[PDB]
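So the chains spell out like this:
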Amino acid sequence: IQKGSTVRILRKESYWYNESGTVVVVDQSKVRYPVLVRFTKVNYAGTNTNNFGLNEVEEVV
Amino acid sequence: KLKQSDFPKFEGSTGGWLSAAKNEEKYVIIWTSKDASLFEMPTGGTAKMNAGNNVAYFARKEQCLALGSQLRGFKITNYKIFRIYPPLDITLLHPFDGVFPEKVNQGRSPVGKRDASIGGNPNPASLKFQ
Amino acid sequence: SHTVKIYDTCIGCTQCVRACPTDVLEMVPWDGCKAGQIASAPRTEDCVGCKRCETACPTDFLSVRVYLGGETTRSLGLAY
Amino acid sequence: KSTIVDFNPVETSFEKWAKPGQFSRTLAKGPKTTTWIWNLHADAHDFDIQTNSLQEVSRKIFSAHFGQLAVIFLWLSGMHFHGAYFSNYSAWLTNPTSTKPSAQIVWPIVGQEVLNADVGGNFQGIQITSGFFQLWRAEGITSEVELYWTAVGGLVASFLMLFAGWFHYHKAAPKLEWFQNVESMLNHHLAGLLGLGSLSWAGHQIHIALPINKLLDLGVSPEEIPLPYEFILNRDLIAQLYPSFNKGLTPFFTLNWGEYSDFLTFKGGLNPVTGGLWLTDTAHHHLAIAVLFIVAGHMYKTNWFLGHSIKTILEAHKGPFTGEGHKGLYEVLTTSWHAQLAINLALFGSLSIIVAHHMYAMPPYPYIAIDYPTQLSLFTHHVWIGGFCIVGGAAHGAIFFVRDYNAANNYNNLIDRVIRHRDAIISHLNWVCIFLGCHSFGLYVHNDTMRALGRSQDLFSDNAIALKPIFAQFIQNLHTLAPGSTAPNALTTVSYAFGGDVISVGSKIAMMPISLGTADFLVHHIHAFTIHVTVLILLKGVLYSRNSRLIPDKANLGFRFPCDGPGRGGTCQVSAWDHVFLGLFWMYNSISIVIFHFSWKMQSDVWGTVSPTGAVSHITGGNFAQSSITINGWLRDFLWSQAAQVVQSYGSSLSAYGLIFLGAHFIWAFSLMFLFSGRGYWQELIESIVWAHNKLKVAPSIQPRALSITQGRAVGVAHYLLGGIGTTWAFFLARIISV
Amino acid sequence: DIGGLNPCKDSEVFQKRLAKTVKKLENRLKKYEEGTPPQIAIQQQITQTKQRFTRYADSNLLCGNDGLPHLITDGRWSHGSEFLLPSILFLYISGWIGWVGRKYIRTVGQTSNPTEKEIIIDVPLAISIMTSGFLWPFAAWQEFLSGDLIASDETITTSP
Amino acid sequence: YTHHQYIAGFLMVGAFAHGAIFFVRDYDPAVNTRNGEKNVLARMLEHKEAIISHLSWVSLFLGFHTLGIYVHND
Amino acid sequence: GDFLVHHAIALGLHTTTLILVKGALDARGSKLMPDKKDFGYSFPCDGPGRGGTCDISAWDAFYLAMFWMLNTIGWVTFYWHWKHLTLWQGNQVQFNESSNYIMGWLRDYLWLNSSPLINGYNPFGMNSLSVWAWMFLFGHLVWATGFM
Ligand code: CLA
Ligand code: CLA
Ligand code: CLA
Ligand code: CLA
Ligand code: CLA
Ligand SMILES: CC1=C(/C=C/C(C)=C/C=C/C(C)=C/C=C/C=C(C)/C=C/C=C(C)/C=C/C2=C(C)CCCC2(C)C)C(C)(C)CCC1
Ligand SMILES: CC1=C(/C=C/C(C)=C/C=C/C(C)=C/C=C/C=C(C)/C=C/C=C(C)/C=C/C2=C(C)CCCC2(C)C)C(C)(C)CCC1
Ligand SMILES: CC1=C(C/C=C(\C)CCC[C@H](C)CCC[C@H](C)CCCC(C)C)C(=O)c2ccccc2C1=O
Ligand code: SF4
Ligand code: SF4
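Residues numbered from 1 in each chain as written, not as in the entry; some residues may be left out. Chains lettered and ligands numbered in written order. Part of a larger assembly, values for the part shown. Heavy atoms only, no water. Residues with missing side-chain atoms left out of burial classes, pairs and counts.

The deposited coordinates derive from cryo-EM, with the record listing a resolution of 2.75 Å.

Spelled out as structure tokens, the structure:
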């Protein structure tokens, strides 16, 4: 995955679970949740972006 | 007029502390101000600061912290909050290590940190009768 | 007293600490995020349960969680 | 480049009409959830958060006032047009005591033509309870052409006010200094508006209403009555009815005002022909009011070295108990629109309630006292408007405290000292509310349980333990003795309610001494208790709007917020808005009890018919004295008994009242869904509904969200008020029109 | 007949209801004068009442013991104009409404600002879609066949 | 009749409340799942949205039309 | 009338079932609270955050469904009692005609049959039904205190 890639959220406790988002940036450092994904639908708190782990996102073909 | 010279020029309100802050605990906030600014008490109405040492007593930590948050609007930062038990048992509370909690300071250890997200919490049925 | 837990989804944006009305949360060094900081809850005895901390949390399902528990004159917000 | 106005401040364009939410910084970005739609209407008139300049807020308020006055003028024009075209006003003029006023006909669709009632005068339509016919008769309007011309003038005036609002927002908007000339504004509103309006109305009454109504009462038909302009061009048509116009204005300018006693009388009582106040008394009243208000308008210093400065008056009113006194109040009321709105709305609602009382107490229109539906509707409507306006004044006082209150500018003044001892005020008001409720209501419950136990001598009744309202009876005696003793130039008491003779017009009672017994004692103390509890809720909201022992920084959360959280044991409804919500509920309770007391007492002990020998028979038969002292009595002899007409209205011309009765019950019960439930359940149900929509690929882009907590409360209270007030509306109207 | 009911053309209580309503209307008519609009309105009411009762009598309508038309909605085509035909009419109209709404949602859902086009309707596109709903039964059973009517697993689910 | 019907409603609400309590504090997904596949009870939480949506549809259908016919008669 | 009231009963049953089933299935979590199982069966809320979380617990679903159960049982018992009052009095035509519209219920069941009850004690005397009128008023008072 990279910037601009489309991924499916696999985190169950997510307002965008099973949904598709756009990767903003994948951090190359040793952070726990490097993948930053932007969504079109705001969550219940109003935010439309979140940091996800490498195993919590699945790239769409 | 007032018991201590460092008290803010407050006329007293029926919203201050009660019998609880005489036998359980009371909170005191101290700060130094450059100007005798007029500020709003967390309990009642308007009080006047002293151009120097200021000391105020409250019944709750939240009241002292609300006053301190108001003080930040006056560019006052050196305010410090203490807890006083029924006798003179003073304990510094808010600037615990001298640095505000919003700024990272070395020497602090994480308390209540779980090395997983919310989804990793154990199922309640496995937490029965413990 | 209520229970406050911090989860590694913390991004160290400090919005929880500067929203706590009773000085329960603080920022401590960490190496799990870009900011290098994580929230901590070392003074939960002053936790009142107002949940302002998790109203300011930007992470997806929160990184600070408040579990209401036993009540105390401090946690009940009793000035009397 | 005028010194009072700014020229062409805002361009007249339709571009912002196509950008909803442009006024708000947060809503301008566009909707993302359905909460945006509701926030759009909740912030439309909150001009304080739309601009950071008091000048812009003042200009918006000024133009909004113009729009509101245009709407009011359009409404009045519609009323006059309906009177001119869809009314039996001409037939009602010739038979006021036997024709029911109707000014709205119903189209014949889906069988709804049954609503066209037999109002009399060869007319079919809905009976009108707004009293426009009596008002028009008091104005001297004897033809429907005059109603048409008044409607045309109302339309022209409405367009003029619309143009004025547009002009003063887009072409010449006044500056802040112009708005802050409270001395000049008070001078003008007191002299020009009030005094000159009273003077102009006195002139109209004297020259048009006095002769035309005197001819009408003499039996002259409206067709042979001269046109109103002929009473001005010919000093002989009015000098025959009032033989004092023959002297012209010479007695006025020679201070010989005694000559004008023909048409400027001081009689009191009611006109025996029409049952209303003597229109000569009304004209004299308006003249005196005009002179008093014009004099009162020369008080405040505006542009010369003459008059008062409100700042100097307030700052001089200090005291040992009040510290700095009224210092800073002038700055509060000249820099905060919310404080002015609070004062004006509270006094305006109180004035509306006073108007409601004085209306039925002293009927001011011809043949309006014998139109019981009109009297009941006018009283209930004005009391409801007064209660709503009072709650609004409390709400805007709380809003001022949250938003526009400056602690520094109010050091040790009255506002500061009130906040400093808010605990004492609220605790003593709590004790008073408990005392009054315990006593009034528990005396009611004691009466109920004594009656249920077969102990009739243990009640708080007249034939039992008696609580005579001696203070009110003393006042009643003082008023009935006033003519000739304390008002030596009066011929009759101000109102026959205080005592005197039974005034009947066409065998129908217009006014009659309202006896006060133990039943009135209990209901009056119920009124006092309900008013005190409403004041308690609203004052607790205003005083604790900024901080408390629970939330020391409640002002930082704003005026309108749902809570601070489940902590502190639970901090629901701590706002100040949530106090205007509970106060709205309690105002509904208080006003409902007030209007119930009025309806039952009038029907049972004032209204009715008078036999030719002088025997008085009332609508219900005097059951108020003995059966209004128990809750079972109120349930049975008032609610159950007088609800018979509403439930038996199906198939008749009053069936619409039964339908509205049922619909208002439905709406009131609907409110309880929002009042009792919470947002989380509805959000989680919307989650599954959204799942279904996504499964069918029909999920809207604007994400559907459950109504916010504050909006849920607002919807609940609005539906509750609508349902309850509509139920009482249908009940009252059907009952008082049937009988 | 069906359910013990009888045709309204032979129901005495039905004619009694008609006679009572007409008598009440005529008694109301008596208290007005000449050819005045109130009398014209009451006469129109009488005429409409008579026409409605006559039409209900000659309508294959079954009346109970109260002289009111009862609806036979078990499904039989004999009384098919009471429920079945209005049912088909409503199903057509409501399917039209739902189809045009869904088509508009899916059409503006692929533009730059989908949320803007929901508070500010694209009236040209809205008119284009709305008049295309007359084929909603055919369009629905041409999109379901192609799998374009139902989502499969991109739909979101809660934690449990 | 009134007593027994009220007791019936109370008992039904209690049954559903205790089912909810079982879900909260006694339900174990691991026991009701074998190699990824879910048993008859665990599958009720998979189409829970379908169940709730169709209950909502039936409730809205019945309420809309019963109230419509009643108000039409009114 | 039986048809319409049976459909009302079906609506009440379905709505009570909807509330209870939604609370049971959503007890372990939802989108607004994907960790609701960690807070137990009965908790006040999750705070004003995320738009507001009033009555989000499973206990609150029971609490809301109690009103609907009371309403459904009220409809059932109203139907039964009115049908049997008309059957016993003999005026079964009163139910068959007036039970098809709401005002028929309000006027001929409640308003009509409440006359003996409210006259259990009047300013003139009392009957053995006086205790029932007192209980009537007592129930109204407790109902409105619940409204409080
Ligand atoms: C004798 C002069 C006079 C008169 C009659 C009025 C009358 C009024 N003013 Mg006003 N005002 C005046 C002087 C005057 N003002 C001055 C000198 C100032 C500056 C301090 C203001 C500042 C002011 C503000 C800021 C506001 C008012 C408002 C109002 C209205 C109150 C609403 C009401 O009672 O409805 C009664 C309504 C009527 C009786 C309808 C007929 C009234 C018409 C419009 C005559 C208005 C007179 C007007 C001043 C003449 C100017 C004409 C123009 C070509 C120059 C009322 C129309 C309020 C309002 O509603 O805004 C529109 C409001 O917000 N006034
Ligand atoms: C002169 C009268 C007056 C004026 C100028 C204002 C002005 C204001 N009020 Mg206010 N208020 C008033 C009277 C008034 N109020 C009264 C009498 C009450 C007591 C009920 C209140 C209670 C009140 C509260 C509790 C709040 C305000 C707020 C506000 C501000 C924003 C209003 C807004 O955007 O609403 C836009 C308009 C609407 C949303 C319209 C809503 C529709 C209403 C609720 C239903 C009306 C139904 C109608 C009768 C028809 C029903 C018939 C049915 C058959 C269909 C604004 C400064 C709010 C604020 O934030 O202030 C800063 C706020 O929180 N007011
Ligand atoms: C019928 C229902 C009902 C009743 C009885 C009350 C009663 C009361 N409300 Mg209210 N309230 C109601 C509905 C009701 N409310 C609703 C629906 C709402 C929603 C908006 C509110 C919202 C509300 C607010 C927001 C406030 C109140 C307040 C009050 C209190 C006013 C003080 C008073 O009179 O106390 C006296 C008590 C009574 C009159 C109740 C009856 C007591 C009897 C007659 C006498 C004593 C009986 C005796 C002790 C029995 C002993 C025997 C027993 C042990 C077996 C009072 C307790 C105010 C408050 O806190 O008090 C100051 C207040 O601020 N209420
Ligand atoms: C117009 C598009 C549309 C479509 C195709 C559907 C389709 C559906 N809805 Mg639905 N709904 C819509 C709009 C729509 N809805 C709107 C606008 C609302 C808000 C009031 C709802 C609220 C809603 C609820 C609360 C529920 C459904 C349910 C359902 C499902 C069962 C059918 C039902 O109960 O109808 C429900 C229909 C209504 C309650 C009335 C809808 C209001 C109007 C008629 C629709 C709007 C028309 C729109 C403005 C047209 C504009 C298009 C034009 C610009 C081209 C089905 C998937 C149920 C479900 O999940 O069952 C599986 C369910 O519980 N919907
Ligand atoms: C045989 C049946 C049965 C059994 C064994 C239980 C057992 C249990 N239930 Mg349960 N429940 C039942 C039926 C049953 N319930 C029914 C029928 C309902 C629907 C109404 C419920 C609704 C329910 C809920 C919502 C909850 C429980 C809970 C519980 C658990 C704790 C109970 C507790 O703390 O009591 C506490 C007892 C009380 C608070 C006493 C309440 C007394 C009420 C108010 C009536 C008293 C007023 C009385 C009529 C006075 C008359 C007034 C006069 C003027 C006429 C326990 C395992 C709780 C739990 O945590 O489960 C794990 C829980 O949250 N149940
Ligand atoms: C009903 C109505 C209307 C109408 C109204 C009107 C018509 C009014 C009028 C009004 C008027 C018509 C007024 C007038 C006024 C006047 C005046 C107010 C005057 C005054 C004067 C004076 C004050 C003088 C004084 C003097 C001098 C200065 C010198 C010499 C001496 C003397 C003393 C004489 C409209 C349509 C709008 C709307 C609806 C309602
Ligand atoms: C018609 C007929 C018949 C049949 C009948 C039948 C077949 C019936 C059935 C019935 C049924 C079939 C019923 C059922 C019901 C059910 C119910 C009523 C249920 C409920 C449920 C619940 C309550 C649940 C709970 C829970 C949950 C929530 C989850 C967890 C677990 C539990 C389980 C706890 C016969 C042939 C015999 C004869 C006659 C005719
Ligand atoms: C039902 C309900 C909802 C859901 C309600 C919603 C989503 C409102 C939906 C309104 C629709 C979409 C528009 C209005 C449709 C009406 C037919 C229009 C009004 C009728 C006119 C005559 C005015 C809440 O969000 C809520 C929040 C807090 C406490 C209680 C409740 C609550 O009870
Ligand atoms: S509740 Fe949330 S906000 Fe209030 S103190 Fe405990 S943590 Fe800080
Ligand atoms: S949600 Fe309802 S309950 Fe939970 S905190 Fe906000 S207000 Fe109090």
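Looking at the overall build of chain E
Check the secondary structure of chain E and you find six helices and three strands. Against the globule reference of 15 Å for 160 residues, chain E gives a C-alpha radius of gyration of 26 Å, more extended than a compact globule. Its C-alpha atoms give chain E principal-axis dimensions of roughly 70 × 45 × 35 Å. For chain E, restricting intrachain contacts to residue pairs at least 6 apart in sequence, the fraction spanning at least 24 positions comes to 58%. (Helix = DSSP H or I, 4+ residues; strand = E, 2+ residues; numbered from the N terminus. Rg over C-alpha atoms; globule rule 2.2 N^0.38 Å. Contact = heavy atoms within 4.5 Å.)

Description of the overall build of chain B
Looking only at helices and strands, one finds two helices and seven strands in chain B. Along chain B, helices and strands appear, N-terminal first, in the series α-β-β-β-β-α-β-β-β. The C-alpha atoms of chain B give a radius of gyration of 19 Å, which is well past the 14 Å a tight globule of 130 residues would have. When its C-alpha atoms are laid out on the principal axes, chain B stretches across 65 × 35 × 25 Å. The proportion of buried residues among the 130 residues of chain B is 48%. Put simply, chain B shows about 6700 Å² of open surface, and 55% of that area lies on carbon and sulfur atoms. (Buried < 20%, exposed > 50% of the residue type's maximum accessible area, 1.4 Å probe, protein only. Areas by Shrake-Rupley, 256 points an atom, 1.4 Å probe, with all protein chains shown as cover.)

What about the packing of helix α22 (residues 631-642) of chain D against helix α26 (residues 709-738) of chain D?
All names here are of chain D. Where α22 meets α26, the axes come as close as 10 Å, and the angle between the chain directions of the two elements is 80 degrees. Between α22 and α26, the angle is such that the two are roughly perpendicular. Contact residues: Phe638, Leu639, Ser641 and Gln642 in α22; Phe731, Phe732 and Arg735 in α26. Among the residues forming the contact of α22 with α26, the class breakdown is four nonpolar, two polar and one charged. (Axes fitted to C-alpha atoms, helices over the stretch in contact; angles between N-to-C directions. Parallel < 35°, antiparallel > 145°, perpendicular 65-115°, else oblique. Nonpolar A, V, L, I, M, F, W, Y, C, P; charged D, E, K, R; others polar.)

Section: the site of ligand 4
Not every one of the 14 residues close to ligand 4 is listed here, only the nearest: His693 of chain D together with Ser53, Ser56, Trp57 and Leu60 of chain F. With respect to ligand 4, the backbone of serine 53 of chain F contributes an N or O atom lying 3.4 Å from an oxygen atom. A distance of 2.4 Å separates an oxygen atom of ligand 4 from a polar side-chain atom of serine 56 of chain F. Listing elements by their share of the shell around ligand 4, those giving two or more residues are α25 (679-695) of chain D, α3 (84-108) of chain E together with α2 (48-73) of chain F. Counted by class, the shell around ligand 4 contains nine nonpolar, five polar and no charged residues. (Near = heavy atom within 4 Å. Polar contact = N/O pair within 3.5 Å; in protein donor to acceptor, adjacent residues only side chain to side chain.)

Some thoughts on the UniProt feature "transmembrane region" (unreviewed entry) in chain E
Residue and element names in this part refer to chain E. The residues that UniProt annotates with the feature "transmembrane region" (unreviewed entry) are residues 83-99 and 119-139. Summarising residues 83-99: 94% helix, 0% strand, and an end-to-end C-alpha distance of 23 Å. Secondary structure over residues 119-139 splits into 62% helix and 0% strand, and the C-alpha atoms at its two ends are 26 Å apart. (UniProt positions renumbered as here; feature names shortened; annotations may be inferred.)

Focus: the side chain of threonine 36 of chain E
Residue placement: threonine 36 of chain E occurs in the loop between α1 (12-30) and α2 (37-57). A polar contact is formed between the side chain of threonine 36 of chain E and the backbone oxygen of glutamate 33 of chain E, at a distance of 2.3 Å.

Details of the site of ligand 9
Every residue near ligand 9 is listed here: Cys20, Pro21, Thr22, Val24, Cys47, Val48, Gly49, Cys50, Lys51, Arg52, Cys53 and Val66 of chain C. In terms of residue class, the shell around ligand 9 is made up of eight nonpolar, two polar and two charged.

Let's talk about the interface of chain G and chain D
Counting from both sides, the interface comprises 43 residues of chain G and, opposite them, 40 residues of chain D. Both faces combined, the contact of chain G with chain D buries some 3600 Å², and carbon together with sulfur accounts for 72% of it. Of all residues in chain G, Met103, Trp111 and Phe147 of chain G give up the largest surface area on contact with chain D, accounting jointly for 19% of the area buried on that side. Counting across the chain G and chain D interface gives two salt bridges. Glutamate 684 of chain D is paired through a salt bridge with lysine 36 of chain G; the nearest N and O atoms lie 2.7 Å apart. For the pair chain G and chain D, the interface holds 21 residue pairs in polar contact. Residue assignment for the side of chain G that touches chain D shows that the elements contributing at least two residues are α1 (2-25), α2 (58-89), α4 (102-118), β1 (121-122) and α5 (130-147) of chain G. The dominant element in the side of chain G that touches chain D, judged by the number of residues it contributes, is α4 of chain G, at eight residues. (Buried area = accessible area lost by both parts, 1.4 Å probe. Salt bridge = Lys/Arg side-chain N within 4 Å of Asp/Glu carboxyl O.)

Regarding the pattern of salt bridges
Residues and elements named next belong to chain B. Inspection of every chain in the model, using the stated rule, returns 54 salt bridges over all chains. Here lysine 1 ties to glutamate 11 by a salt bridge, and the two come within 3.7 Å at their closest N and O atoms. Here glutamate 11 lies in the segment before α1 (20-23) and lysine 1 lies in the segment before α1, a separation of ten residues in the sequence. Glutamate 11 sits in the partly exposed class, given a relative accessible area of 40%.

Side note on the state of the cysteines
Applying the stated rule across the entire model yields one disulfide over all chains. Paired through a disulfide, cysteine 8 of chain E and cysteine 63 of chain E show a sulfur-sulfur distance of 2.0 Å. With the S-S dihedral at roughly 100 degrees, the linkage between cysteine 8 of chain E and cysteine 63 of chain E falls on the right-handed side. Here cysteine 8 of chain E is found in the loop between β1 (6-7) and α1, whereas its partner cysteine 63 of chain E is found in strand β2 (residues 62-63), with 55 residues between them in sequence. Of the residues examined, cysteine 8 of chain E reaches a relative accessible area of 0% and is grouped as buried. Given the relative accessible area of 1%, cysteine 63 of chain E is considered buried. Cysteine 57 of chain C takes part in no disulfide bond, and the closest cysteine sulfur to it belongs to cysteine 13 of chain C, at a distance of 6.8 Å. Residue class for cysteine 57 of chain C comes out buried when judged on its relative accessible area of 12%. (Disulfide = S-S within 2.5 Å.)

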